[PDB]
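Engineer: sequence, then the experimental structure. Questions to follow.
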Amino acid sequence: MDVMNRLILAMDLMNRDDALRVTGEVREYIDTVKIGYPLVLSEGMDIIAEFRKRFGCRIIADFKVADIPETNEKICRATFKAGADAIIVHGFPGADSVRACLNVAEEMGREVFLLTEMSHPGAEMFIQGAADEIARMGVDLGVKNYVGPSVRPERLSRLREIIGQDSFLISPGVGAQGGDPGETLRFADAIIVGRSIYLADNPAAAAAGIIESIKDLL
Amino acid sequence: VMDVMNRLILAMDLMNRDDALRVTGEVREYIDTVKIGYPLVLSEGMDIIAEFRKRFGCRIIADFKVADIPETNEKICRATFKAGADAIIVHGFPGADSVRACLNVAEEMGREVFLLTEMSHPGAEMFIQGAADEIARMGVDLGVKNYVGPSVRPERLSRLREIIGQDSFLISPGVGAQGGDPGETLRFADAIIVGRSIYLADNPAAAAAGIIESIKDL
Ligand SMILES: O=c1cc(O)n([C@@H]2O[C@H](COP(=O)(O)O)[C@@H](O)[C@H]2O)c(=O)[nH]1
Ligand SMILES: O=c1cc(O)n([C@@H]2O[C@H](COP(=O)(O)O)[C@@H](O)[C@H]2O)c(=O)[nH]1
């Protein structure tokens, strides 16, 4: 996956007008948008097709899929019907639940991203101790795309070690949560950035600034 | 605690509005509580909650297995309650802050959180099972009053009931299609969740009535 400027916009605004305006304001800087439940549950799954119509961007559905295999299959089918290019799945519920998502993605020409460790403080309680094993599970299942946390670079580096240089790794927690763009790109292929851009007085300048700070990594 | 008619909750995971409405209507006299998940919501929009409330006298539990960072969890809960859900189901494995985020919105908005502690599918053994007792205890410490645990492992369901105490409210999926027994499950759960063995039956009403007959003395 070729992400323009190694920068993925986390569009978690919950108003259609604001979401479209802000994404429009930064369109010259990005070609990949992560759309999550805050936007989808507020404005409907049709918003995905609308982003494609307006921007032509690729769309990653950040739905943190975490159900039993049967339900996971349904969630992925509905998500890919709506035009998502990729979906993010939790690894914690185990291998069968991930495989269900891989099946639908293969069937519809889409990608699965495996979330292995998360960026918030609570991730330390249960997820962190399972994270390396979840990553190895991804490798065993043939997962090629992964998500890991900007805020703990030593953990992000370990995740990269496990999955190898061939795998694709994207990383949230940059900006608002304290992650540094450049340090993160030592290990991740692309950074995910939400509030630092979409709550900025000037989203375009915010995006340009981040890109400026990593220009030697582009 | 919520007063669930016949101790039976319909898991409405059909993905077509016409079918979902038809089946739910057919079992209306047996069930006043409906669990709506992402298969239906991602297919038909959050307005499906409004339509169920309009058409039926049913409480709605939004089975969204909320599993994000605290900030995103808050947004998901707000959107879900705004749409008319009485309650939302949240994963415990992302840790205490992520759960507390949901509890805080639920308190502010006058609605309820259910904490999913262990799951019913084979993959749950890999990571979730080993964390389940601690996730449950964390729920108790956080003041969670409503819980979800698996019918298919009676010993595990029993332990979960022990941890949360008799006053807590506990609902349990995996009955029917996944092999869980209604009667045995209600030894520990307040209510059973049933999907396919009702909604895929030639006569969903007869299917519901049959389950209810089997647990009449309970
Ligand atoms: O570990 C993770 C995984 C995520 O998907 N995310 C998501 O990435 C985005 C972070 O946005 P922000 O830059 O505003 O912190 C949010 O959409 C959040 O749900 C995260 O923050 N941490
Ligand atoms: O551990 C769990 C937790 C669930 O929410 N569920 C949910 O409960 C329902 C089970 O439906 P069914 O009776 O068709 O197996 C589905 O909506 C599934 O997503 C589950 O099966 N196991």
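Structural biologist: It's in. Numbers count the residues shown, from 1 in each chain, chains lettered A, B, ... in the order given. Ligands and ions are numbered 1, 2, ... in the order given.

Engineer: all strands for chain A, in order.
Structural biologist: Counting by DSSP state E, chain A has these strands, from start to end: A:7-11, A:32-36, A:58-65, A:86-90, A:111-115, A:145-147, A:168-171, A:190-193.

Engineer: out of those strands, nearest to ligand 2?
Structural biologist: Judged by CB to the nearest ligand atom, the one of the strands of chain A that comes nearest to ligand 2 is strand A:58-65, at 11.0 Å. Using the backbone N, CA and C atoms, a C-beta is placed for each residue, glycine as well.

Engineer: show residues contacting that closest one.
Structural biologist: A:1, A:8, A:10, A:31-37, A:40, A:48, A:51-52, A:72, A:75-76, A:79, A:82-90, A:97, A:101, A:113, A:115, B:38, B:67-68 (CB atoms under 8 Å, 6 or more residues apart in numbering or on different chains).

Engineer: so it versus strand B:59-66, what angle?
Structural biologist: 110 degrees (axes from the mean of the first three to the mean of the last three CA atoms, to 10 degrees).

Engineer: partners of strand A:58-65, with directions?
Structural biologist: strand A:32-36 (parallel), strand A:86-90 (parallel) (DSSP bridges).

Engineer: what's the most buried one of the ones you listed?
Structural biologist: strand A:86-90 (a mean of 26; mean count of other CB atoms under 10 Å in any protein chain shown).

Engineer: angle of it against strand A:111-115?
Structural biologist: 30 degrees.

Engineer: from the chain's centroid, how far away is strand A:86-90?
Structural biologist: From the chain centre to the centre of strand A:86-90 is a distance of 8 Å (CA atoms, centre = their mean, to the nearest Å).

Engineer: stretch A:76-94 now?
Structural biologist: Centre to centre, stretch against its chain (CA atoms, centre = their mean), the figure for stretch A:76-94 is 11 Å.

Engineer: what are the buried residues along that stretch?
Structural biologist: Under the neighbour-count criterion of 16 or more other CB atoms under 10 Å in any protein chain shown, stretch A:76-94 has A:76-80, A:82-94 buried.

Engineer: tally of neighbours for the spatially closest residue to residue A:6 that is not a sequence neighbour?
Structural biologist: In this structure, residue A:6 finds its nearest non-sequential neighbour in residue A:190, 4.6 Å apart by CB to CB, 6 or more residues apart in numbering or on different chains. By other CB atoms under 10 Å in any protein chain shown, 21 other residues sit near residue A:190.

Engineer: please name the bridge partners of residue A:190.
Structural biologist: residue A:170.

Engineer: these two touch, right, it and residue A:174?
Structural biologist: No. Here residue A:190 does not reach residue A:174: they are 10.1 Å apart, not a contact under CB atoms under 8 Å.

Engineer: can you put the strands of chain A in a markdown table and add distance to residue B:154?
Structural biologist: Listed next are the strands of chain A as a markdown table, based on distance: least, CB to CB, whole Å:
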| stretch | distance to residue B:154 |
| --- | --- |
| strand A:7-11 | 42 |
| strand A:32-36 | 37 |
| strand A:58-65 | 28 |
| strand A:86-90 | 26 |
| strand A:111-115 | 31 |
| strand A:145-147 | 35 |
| strand A:168-171 | 41 |
| strand A:190-193 | 42 |
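
Engineer: adding distance to residue A:206, write the strands paired with strand A:58-65 out as CSV.
Structural biologist: Output for the strands paired with strand A:58-65, formatted as CSV (distance: least, CB to CB, whole Å):
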stretch, distance to residue A:206
strand A:32-36, 15
strand A:86-90, 24
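
Engineer: indicate which one of those strands is closest to residue A:195.
Structural biologist: strand A:32-36 (12.7 Å; CB to CB).

Engineer: the closest one versus strand A:7-11: what angle between them?
Structural biologist: Using the same axes, to 10 degrees: strand A:32-36 against strand A:7-11 is 30 degrees.

Engineer: touching ligand 1 at all, strand A:32-36?
Structural biologist: Yes. Counting by CB under 6 Å from any ligand atom, ligand 1 is contacted by strand A:32-36 at residue A:36.

Engineer: dump that strand to CSV, restricted to CA.
Structural biologist: Taking C-alpha atoms only, strand A:32-36 is exported to CSV below (Å, rounded to 0.1, in the frame of the first residue of the first chain):
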residue,chain,number,x,y,z
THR,A,32,-5.4,7.7,2.6
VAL,A,33,-8.1,8.3,5.2
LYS,A,34,-8.9,6.2,8.3
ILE,A,35,-12.6,6.3,9.0
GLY,A,36,-13.8,5.0,12.3
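
Engineer: so who does the residue nearest to residue A:6 touch?
Structural biologist: Residues in contact with residue A:190 (CB under 8 Å, 6+ apart) are A:3, A:6-8, A:32, A:169-171.

Engineer: now with 10 Å, please.
Structural biologist: When contacts are counted by CB atoms under 10 Å, 6 or more residues apart in numbering or on different chains, residue A:190 touches A:1-8, A:30, A:32, A:168-171, A:184.
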